[PDB]
Amino acid sequence: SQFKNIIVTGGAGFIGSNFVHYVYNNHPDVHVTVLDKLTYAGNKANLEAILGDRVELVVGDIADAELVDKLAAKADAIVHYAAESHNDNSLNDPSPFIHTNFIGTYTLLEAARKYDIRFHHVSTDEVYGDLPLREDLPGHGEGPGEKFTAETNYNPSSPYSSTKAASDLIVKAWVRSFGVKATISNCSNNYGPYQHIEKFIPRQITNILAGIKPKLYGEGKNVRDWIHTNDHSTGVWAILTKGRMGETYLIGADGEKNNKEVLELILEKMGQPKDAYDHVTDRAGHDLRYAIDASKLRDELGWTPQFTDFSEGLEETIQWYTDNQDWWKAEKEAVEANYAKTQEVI
Amino acid sequence: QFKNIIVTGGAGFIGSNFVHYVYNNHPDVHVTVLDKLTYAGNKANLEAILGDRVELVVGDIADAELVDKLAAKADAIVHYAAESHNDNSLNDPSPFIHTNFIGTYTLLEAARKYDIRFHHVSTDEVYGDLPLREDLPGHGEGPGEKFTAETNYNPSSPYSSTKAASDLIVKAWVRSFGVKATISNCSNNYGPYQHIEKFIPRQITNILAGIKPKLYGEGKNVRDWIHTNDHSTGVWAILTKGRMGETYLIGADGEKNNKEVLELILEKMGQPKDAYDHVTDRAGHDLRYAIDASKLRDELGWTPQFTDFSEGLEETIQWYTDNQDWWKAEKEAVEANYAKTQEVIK
Ligand SMILES: NC(=O)c1ccc[n+]([C@@H]2O[C@H](COP(=O)([O-])OP(=O)(O)OC[C@H]3O[C@@H](n4cnc5c(N)ncnc54)[C@H](O)[C@@H]3O)[C@@H](O)[C@H]2O)c1
Ligand SMILES: NC(=O)c1ccc[n+]([C@@H]2O[C@H](COP(=O)([O-])OP(=O)(O)OC[C@H]3O[C@@H](n4cnc5c(N)ncnc54)[C@H](O)[C@@H]3O)[C@@H](O)[C@H]2O)c1
Ligand SMILES: Cc1cn([C@H]2C[C@H](O)[C@@H](COP(=O)(O)OP(=O)(O)O[C@H]3OC[C@@H](O)[C@H](O)[C@H]3O)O2)c(=O)[nH]c1=O
Ligand SMILES: Cc1cn([C@H]2C[C@H](O)[C@@H](COP(=O)(O)OP(=O)(O)O[C@H]3OC[C@@H](O)[C@H](O)[C@H]3O)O2)c(=O)[nH]c1=O
């Protein structure tokens, strides 16, 4: 509550809109200006209920220095969610990832330097690369280096994750070189309401609702560490308000599951047979396992995740997509068509 | 194994030295230098060797149409083009973002399109900083007390951060798209044709011009000096014999602090040991760099030839002394530029 006039970039997207709702509901002294370009992923509907005196949407690009300058002159912090976020899009056309994830971040950093304001960079666990599966690790996942920590080497695999990693590197250098008041969070895979239907969980749920088979990349052995977006929001809030300047905090809820298990759970909850899905073309350079040790955040800032029951969180998510079909139905055909250009049943 | 290579940035210091190396030692290779001729690019670095082996094309690595035209006729790209100076990056990061990141991206997309070999020339600065040997339990020779291929990226400046960012996308393009890329990270180069903004040549040519040498702070910082001729053979060995996707570190076990280097220059040039100015220290100044080149040595059999720094420095001093017309026109402008942000400490 030290910050009264914040900019949230990318706040019309999935995680960003959840954070804006978090702020609106829990920190009534904060005015939020969302800067969002409304790409395919941005959706004014994710904000509409709360737009008004407390929350303004400004449609524009984080790489538009003149616009960013105008907004930053009136702000006391920037929370940066704006990104091209999808690995599969980045493999088809990296160009917007370069522009938004790196050039965009640069532009916002230079504004933060100019006005000497607080900057929180929202990043991802994918910057660290991949890990082996637990069955293949001498400590079964519990040993040193078998999860990501704030000391783990960057080793990104894709155009998406390398542009994210690159953005993280310039944030840190802007701290050291210019004294920018920045922190960074690297979070594991989010799920919950308002996630774009291109992403794994909502794609399967909405495919089922639309009468299309879910799609599993390869055999589905890949492992993601799932956190509910609501816990991501409180994590970012903790770091924004209490984080040590220049530090990286990892956010995760100890929720590792393989894709096959998540899909099978979705099928069971939606009353579908356990074989009612297609294996499809695997992703180029697909990252195997991601896993976060969130000890630093928990121990230093007192944060704890509330949604640690994945089965319950997934039920609520399923219900959300089922109750909000008008939010996604018009995008379904185009998203499945785009996937068909590069994915076949195997 | 390559007959038609593009050397980006080959009108600059290290790049031109490489071009000379290829001209001399591999006269069957055709080199096309692609260089924008920034303040740091100098036709005089190549003029005497232009002909059937070496051609200069003036242009920007971020000019995709030009890059396309050249890459269509090439079998390898060796990528030196960069904004190279930490001090410049602190005053204006903008060209670093453009050249170092967007330029590397543009070249990687051309390498990917034409399926040609790509060697990315990078720097030890991507790893950040190390303590001085006196503050280390192994006095520089223990685990983690020098950089290795396993060291975390942690760059300090807009320069080193954009170089690190470029290394990350190279590696992701290998994993995601199968680009035939290698990376090298080299310690500080010295030798003929280095621009007089850089440490060693600045001091030598100040003394020649009757201007005091300039030492940042008290000169505690440590750089690991390698003659550019050894960098050239390192790059050649990686280009022709390296394993796709690998990173190799290049260094010659040449750590010295800046005060010692300056004192050696003063002594060799017949100046008093105290005939210099302490000047404003660099923001975020990296303390010590140090490279463990064991991988390159072990795997590719590379050995540096110029390991007597005293002799290499003497020859470098003599080169600047014998080629005053090569630098004299830049002296006043470079010193005036420094005067904008640097003053004598008193
Ligand atoms: N989804 C996850 O699991 C996850 C894991 C942790 C963090 N990440 C990071 O969280 C952030 C948000 O991810 P998400 O899942 O909400 O993404 P999303 O794809 O749902 O939203 C991206 C948002 O950014 C906006 N945007 C894109 N380019 C822009 C530009 N140039 N200028 C202004 N706005 C632009 C889009 O319009 C959209 O509203 C990203 O930085 C992502 O890298 C995501
Ligand atoms: N100098 C060193 O100690 C050292 C150590 C290892 C590696 N590095 C790396 O080696 C490379 C060359 O360094 P250097 O010391 O020779 O630099 P330099 O400053 O002497 O030369 C840079 C060259 O790049 C050219 N250039 C700049 N922007 C360009 C663009 N957009 N398109 C085309 N050409 C452009 C310039 O005209 C110039 O000729 C860089 O990638 C640097 O990061 C340098
Ligand atoms: C869309 C889709 C995905 N998958 C797999 C690929 C992954 O292993 C897993 C998750 O895929 P995505 O939803 O594409 O997420 P991921 O690549 O893990 O990245 C996500 O988490 C990290 C975030 O940084 C990123 O923005 C976000 O999209 O499911 C499938 O098996 N079937 C699918 O239809
Ligand atoms: C120009 C200058 C520098 N210094 C110090 C700062 C550094 O500790 C040291 C070397 O400075 P630079 O020549 O600026 O080199 P450095 O910053 O170490 O970076 C060089 O090596 C790594 C390369 O990546 C980079 O391109 C190249 O410029 O000398 C001085 O004390 N006096 C000076 O006048």
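Computed from heavy atoms alone, side chains included, the values below leave out hydrogens, waters and symmetry copies. Sequence lines set the chain letters: A, B, ... in the order given, protein chains first and strands last, and positions in each chain run from 1. Note that ligands are numbered from 1 as they come in the structure, with each ligand's atoms numbered from 1 the same way.
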Report task. Have a look at ligand 2 and work out which part of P95(B), if any, has a heavy atom under 4.0 Å from it: side chain, backbone, both or neither. Result ->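 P95(B) to ligand 2: no contact under 4.0 Å from either part.
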Query raised in the report: What part of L37(B), side chain, backbone, both or neither, has a heavy atom within less than 4.0 angstrom of ligand 2?
Result: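 Only the backbone of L37(B) comes within reach of ligand 2.
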Would you say [Y] and [X] are linked by a side-chain donor-acceptor pair, where the criterion is simply a distance under 3.5 Å?
| X | Y | answer |
| --- | --- | --- |
| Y127(B) | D124(B) | no |
| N258(B) | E218(B) | no |
| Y276(B) | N206(B) | no |
| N189(B) | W225(B) | no |
| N91(B) | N337(B) | no |

Requested in this report: Can you spot which of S162(A), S161(A), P94(A), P159(A) makes a side chain to side chain contact (heavy atoms under 4.5 Å, CB included) with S176(B)?
Outcome: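 When side chain to side chain contact (heavy atoms under 4.5 Å, CB included) is applied between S176(B) and each of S162(A), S161(A), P94(A), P159(A), only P159(A) qualifies.
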Quick one: nearest non-hydrogen protein atom to [atom], plus distance?
| atom | value |
| --- | --- |
| atom 40 (C) of ligand 2 | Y80(B) O, 3.1 Å |
| atom 36 (C) of ligand 2 | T38(B) OG1, 3.3 Å |
| atom 20 (O) of ligand 2 | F13(B) N, 3.0 Å |
| atom 43 (O) of ligand 2 | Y159(B) OH, 2.7 Å |
| atom 14 (P) of ligand 2 | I14(B) CD1, 3.9 Å |
| atom 28 (N) of ligand 2 | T99(B) CG2, 3.3 Å |

Please give the N or O to N or O pairs under 3.5 Å between ligand 4 and the protein, distances rounded to 0.1 Å.
| from | atom 1 | to | atom 2 | distance (Å) |
| --- | --- | --- | --- | --- |
| ligand 4 | 8 (O) | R223(B) | NH2 | 3.3 |
| ligand 4 | 8 (O) | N258(B) | OD1 | 2.8 |
| ligand 4 | 8 (O) | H285(B) | NE2 | 2.7 |
| ligand 4 | 13 (O) | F199(B) | N | 2.8 |
| ligand 4 | 14 (O) | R282(B) | NH2 | 2.8 |
| ligand 4 | 17 (O) | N86(B) | ND2 | 2.9 |
| ligand 4 | 17 (O) | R282(B) | NH1 | 2.8 |
| ligand 4 | 18 (O) | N188(B) | ND2 | 2.8 |
| ligand 4 | 18 (O) | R223(B) | NE | 2.9 |
| ligand 4 | 19 (O) | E125(B) | OE2 | 3.0 |
| ligand 4 | 21 (O) | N188(B) | OD1 | 3.3 |
| ligand 4 | 21 (O) | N188(B) | ND2 | 3.1 |
| ligand 4 | 24 (O) | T123(B) | OG1 | 2.7 |
| ligand 4 | 24 (O) | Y159(B) | OH | 2.6 |
| ligand 4 | 26 (O) | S84(B) | O | 2.6 |
| ligand 4 | 26 (O) | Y159(B) | OH | 3.1 |
| ligand 4 | 28 (O) | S84(B) | O | 3.4 |
| ligand 4 | 28 (O) | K198(B) | NZ | 2.8 |
| ligand 4 | 29 (O) | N258(B) | OD1 | 3.3 |
| ligand 4 | 31 (O) | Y216(B) | N | 2.9 |
| ligand 4 | 32 (N) | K214(B) | O | 2.8 |
| ligand 4 | 34 (O) | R202(B) | NH1 | 3.0 |
| ligand 4 | 34 (O) | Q203(B) | NE2 | 3.0 |
| ligand 4 | 34 (O) | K214(B) | O | 3.4 |

Taking the non-hydrogen atoms of [X], is any one of them nearer than 4.0 angstrom to ligand 2?
| X | value |
| --- | --- |
| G10(B) | no |
| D35(B) | yes |
| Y190(B) | no |

Query raised in the report: Would the number of heavy atoms belonging to other residues, nucleotides or ligands and lying under 6.0 Å from NZ of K221(A) be above 12?
Result: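 Atom NZ in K221(A) is not crowded, with 12 or fewer foreign heavy atoms closer than 6.0 Å.
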Query - Heavy atoms from other residues, nucleotides or ligands near CD of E343(B) exceed 12 (cutoff 6.0 Å) - result: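 Count not over threshold, so no.
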Query raised in the report: So, do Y40(A) and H196(A) have ring centers that fall under 6.0 Å from each other?
Result: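 Yes, close enough.
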Query raised in the report: Taking the six-membered ring for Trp, are the ring centroids of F13(B) and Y193(B) within less than 6.0 Å of each other?
Result: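 When the ring centroids of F13(B) and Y193(B) are compared, they turn out to be at least 6.0 Å apart.
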Report task. Answer yes when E47(B) and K43(B) have at least one side-chain N-carboxylate O distance shorter than 4.0 Å, and no when they do not. Result ->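 Here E47(B) does not pair with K43(B) in a salt bridge, since their nearest N and O are not under 4.0 Å apart.
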Requested in this report: For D60(B), take its heavy atoms, then give the atoms of ligand 2 lying under 4.0 Å from any of them.
Outcome: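 Those of ligand 2 that fall under 4.0 Å from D60(B) are 30 (C), 31 (N), 32 (N).
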